[PDB]
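> below: the sequence, then the experimentally determined structure.
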Amino acid sequence: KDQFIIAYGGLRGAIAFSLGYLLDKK
């Protein structure tokens, strides 16, 4: 159950990608 939270609820790659989405494409 935790391995699921620390995967998103905790990490939230949704943000890391957004920030890493720029320097990645731009």
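Yep, that arrived. Residues are numbered from 1 along each chain as shown.

> okay, CA-based contacts and neighbour counts for the rest of this
OK.

> ignoring the adjacent residues along the chain, who's closest to the residue most central in space within the chain?
Nearest residue to the geometric centre of the chain (Cα atoms, centre = their mean): residue 13, 0.7 Å. Leaving aside its chain neighbours, residue 13 sits nearest to residue 7 (7.9 Å; criterion: Cα to Cα, 6 or more residues apart in numbering).

> who's in contact with whichever strand or helix holds residue 19?
Following DSSP states H and E, one finds residue 19 within helix 13-25. Outside of helix 13-25, the residues within contact range by Cα atoms under 8 Å, 6 or more residues apart in numbering are 7, 8.

> make it 10 Å
Applying Cα atoms under 10 Å, 6 or more residues apart in numbering, the contact partners of helix 13-25 are 7, 8, 26.

> format these as JSON lines; extra columns: neighbour count and distance to residue 19.
As requested, the contacts of helix 13-25 are exported to JSON lines (neighbours: other Cα atoms under 10 Å; distance: Cα to Cα, whole Å):
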{"residue": "7", "neighbour count": "11", "distance to residue 19": "17"}
{"residue": "8", "neighbour count": "13", "distance to residue 19": "16"}
{"residue": "26", "neighbour count": "6", "distance to residue 19": "11"}
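
> how about the residues you listed in a markdown table, adding distance to residue 1?
What follows is those, written out as a markdown table (distance: Cα to Cα, whole Å):
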| residue | distance to residue 1 |
| --- | --- |
| 7 | 10 |
| 8 | 12 |
| 26 | 37 |
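
> can you show me the CA trace of the helix holding residue 19 as CSV?
C-alpha atoms of helix 13-25 as CSV (Å, rounded to 0.1, in the frame of the first residue of the first chain):
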residue,chain,number,x,y,z
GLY,A,13,6.5,12.7,-10.5
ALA,A,14,3.7,14.7,-12.1
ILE,A,15,5.7,17.7,-10.9
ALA,A,16,9.2,16.5,-11.5
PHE,A,17,8.2,15.8,-15.1
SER,A,18,6.8,19.2,-15.6
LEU,A,19,10.0,20.8,-14.4
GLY,A,20,12.1,18.2,-16.3
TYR,A,21,9.9,18.6,-19.3
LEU,A,22,11.3,22.0,-20.2
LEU,A,23,15.1,21.6,-20.0
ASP,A,24,14.3,18.3,-21.7
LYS,A,25,12.6,19.7,-24.8
